[PDB]
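In structure tokens, the next block holds one chain alone, the form solved without uridine-5'-diphosphate.
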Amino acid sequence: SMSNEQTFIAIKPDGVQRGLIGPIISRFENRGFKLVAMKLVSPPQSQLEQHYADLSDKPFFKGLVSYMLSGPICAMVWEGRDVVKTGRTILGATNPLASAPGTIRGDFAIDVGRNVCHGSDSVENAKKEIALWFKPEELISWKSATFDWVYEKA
């Protein structure tokens, strides 16, 4: 609906390790979405446990957390119309085996446990994830010079 919808996109440690920071940003940049926040971080274990709190009672929870601590993460907020859903489409199917070539995982990933990136799955979860990963002042307010060539209305 509105062109100021926001989503959280993270490049996971394997994405950073395999040199995919540049290509992943370009996918979102070229599509017309606006980068409003970005930082390279090695977040503390508590933040990762809170991020994955829905999986806390799962037997893989401990190893998943320790894996996400194993290298830096490129955390980002992207803004645009339907950016949450279209963002997931750009990333491709969560399991790369189900993903389509032309998407990030369909071009770059194989294992679901090494699926290079994450994107919020809903507007509500995006708001939660943005608040968990960013301070409010880390979101930069700006307007793209080509806004009116990307969008027909607000």
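In case it trips you up, residue 1 is the first one in the sequence shown, and so on. Basically, rigid core = biggest C-alpha set you can superpose within 1.5 Å across the two forms.
What follows is about the form deposited with uridine-5'-diphosphate bound, which we do not show.
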Review point. Do heavy atoms from each of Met2, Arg81 and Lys127 fall within 4.5 Å of uridine-5'-diphosphate in the bound PDB entry?
Key: no
Check your understanding: If you check in the bound PDB entry, is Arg27 within 4.5 Å of uridine-5'-diphosphate, heavy atoms only?
Key -> no
Review point. Within a 4.5 Å heavy atom cut-off, is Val112 in contact with uridine-5'-diphosphate in the bound PDB entry?
Key: yes
Review point. So in the bound PDB entry, does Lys85 come within 4.5 Å of uridine-5'-diphosphate, heavy atom to heavy atom?
Key: no
Point to revise | Any non-hydrogen atom of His118 within 4.5 angstroms of uridine-5'-diphosphate in the bound PDB entry | key: yes
Review point. Within 4.5 Å of uridine-5'-diphosphate in the bound PDB entry, heavy atoms considered, which of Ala98, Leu69, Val41, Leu55?
Key: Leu55
Point to revise | Partner contacts in the bound PDB entry for 59 to 85 (non-hydrogen atom within 4.5 angstroms of uridine-5'-diphosphate) | key: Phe60, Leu64
Practice item. Can you spot, among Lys58, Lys128, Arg31, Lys39, the one with a CA shift of 2 Å or more between this form and the one not shown after core superposition? Key: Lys58
